[PDB]
S.K.: 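Starting off with a structure, shown below.
Values below: all heavy atoms of this structure, side chains included; hydrogens, waters and symmetry mates excluded. In what follows, chains are A, B, ... by sequence order, proteins preceding strands, each numbered from 1.
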Protein chains: 2
Amino acid sequence: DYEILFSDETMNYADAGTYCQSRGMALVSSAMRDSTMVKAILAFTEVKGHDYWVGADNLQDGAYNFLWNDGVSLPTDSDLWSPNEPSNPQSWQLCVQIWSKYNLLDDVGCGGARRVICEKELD
Amino acid sequence: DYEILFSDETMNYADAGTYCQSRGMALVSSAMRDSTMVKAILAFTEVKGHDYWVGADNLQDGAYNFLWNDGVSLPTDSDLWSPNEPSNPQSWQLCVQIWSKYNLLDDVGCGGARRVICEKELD
Ligand SMILES: [Ca+2]
Ligand SMILES: [Ca+2]
Ligand SMILES: [Ca+2]
Ligand SMILES: [Ca+2]
Ligand SMILES: [Zn+2]
Ligand SMILES: [Zn+2]
Ligand SMILES: [Zn+2]
Ligand SMILES: [Zn+2]
Ligand SMILES: [Zn+2]
Ligand SMILES: [Zn+2]
Ligand SMILES: [Zn+2]
């Protein structure tokens with residue numbers, strides 16, 4: 001169960017995190033691992049057909065050691081990934097987005113402007 | 001362009017309005033009249049398969065004089081309505097929801113608990 005916020009305003013990955021945080025929420029993460037919720041989230045972004053930041057990156061352990069912001073691993077072989085991703089140089093700082101080309105996850109550098117999705121676990 | 005918040009938390013119609021307002025947003029209304037956004041919004045609720053409040057009611061003008069909270073009319077013949085709705089007695093105070101049966105609009109009394117959708121136009 002969640003509160004999911006979608007924003008058409010774009011920002012880099014760091015700013016997306018603080019954007020959600022300032023609202024008492026977090027960049028979407030656990031909701032992406034929830035089979036019902038992730039399906040609803042992707043149904044929305046599918047219509048929008050735009051890139052969105054999600055709360056995962058390799059900043060801590062590097063390479064393809066992707067972590068959701070709540071500390072849970074985003075397996076390199078997850079079905080959430082777009083075909084042939086992740087594929088950027090493992091030595092880069094990598095952030096994860098919902099890539100419009102496939103409406104599935106993708107590794108990118110962290111400076112590009114993208115839309116934002118925030119979550120808040122209920123209760 | 002907008003900010004759209006979906007919440008699994010249920011409430012009556014009045015409480016949904018206050019819920020959105022306390023967040024600097026409004027019960028979804030103009031976004032429902034936007035061709036891209038309404039489809040994105042409905043794609044999300046389709047997956048969820050649950051009832052959601054929307055920002056429309058007959059409280060100012062009564063009967064089937066439905067108005068979106070921003071004062072714009074919700075035509076009784078809108079393609080947004082579920083088949084054979086609106087159909088509740090015109091003497092009642094009627095509120096509008098996204099009804100899970102069709103994933104389309106429907107008139108109901110205002111006291112039932114339903115999920116909430118808030119919006120915030122972005123300029
Ligand atoms: Ca794959
Ligand atoms: Ca990539
Ligand atoms: Ca009709
Ligand atoms: Ca009805
Ligand atoms: Zn769940
Ligand atoms: Zn802007
Ligand atoms: Zn892109
Ligand atoms: Zn509860
Ligand atoms: Zn629009
Ligand atoms: Zn725009
Ligand atoms: Zn119902």
S.K.: Mind checking salt bridge (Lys or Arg N to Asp or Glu O under 4.0 Å) for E3(A) and listing every partner two or more places apart, or none if nothing turns up?
M.R.: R23(B)
S.K.: Side-chain heavy atoms nearer than 4.5 Å, only ILVMFWY residues, links allowed to pass through others: does that put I98(A) and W53(A) together?
M.R.: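 In one cluster: no.
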S.K.: What heavy-atom pair brings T36(A) and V47(B) nearest, and what distance separates the two atoms?
M.R.: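 Minimum heavy-atom contact is O-CG1, 3.8 Å.
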S.K.: From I41(B) CD1 over to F6(A) CZ, what is the distance, rounded to the nearest 0.5 angstrom?
M.R.: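 Between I41(B) CD1 and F6(A) CZ, I get 10.0 Å after rounding to 0.5 Å.
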S.K.: Mind checking salt bridge (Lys or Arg N to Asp or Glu O under 4.0 Å) for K48(A) and listing every partner two or more places apart, or none if nothing turns up?
M.R.: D8(A)
S.K.: A quick test of your reading: do over 12 heavy atoms of other residues, nucleotides or ligands sit less than 6.0 Å from CD of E121(A)?
M.R.: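 Atom CD in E121(A) is not crowded, with 12 or fewer foreign heavy atoms closer than 6.0 Å.
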S.K.: How long is the span from the CD1 atom in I117(A) to the CD1 atom in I4(B), to the nearest 0.5 Å?
M.R.: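 Here the rounded value is 13.0 Å.
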S.K.: When you group the ILVMFWY residues by side-chain heavy-atom contacts below 4.5 Å and let the links chain together, are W81(B) and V108(B) in the same group?
M.R.: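 No: no chain of side-chain contacts under 4.5 Å links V108(B) to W81(B).
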S.K.: Quick one: closest heavy-atom pair of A43(B) and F44(A), and the distance?
M.R.: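 Looks like CB-N, 4.4 Å.
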S.K.: At what distance, to the nearest 0.5 angstrom, does OG of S7(B) lie from CG of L5(A)?
M.R.: 11.5 Å
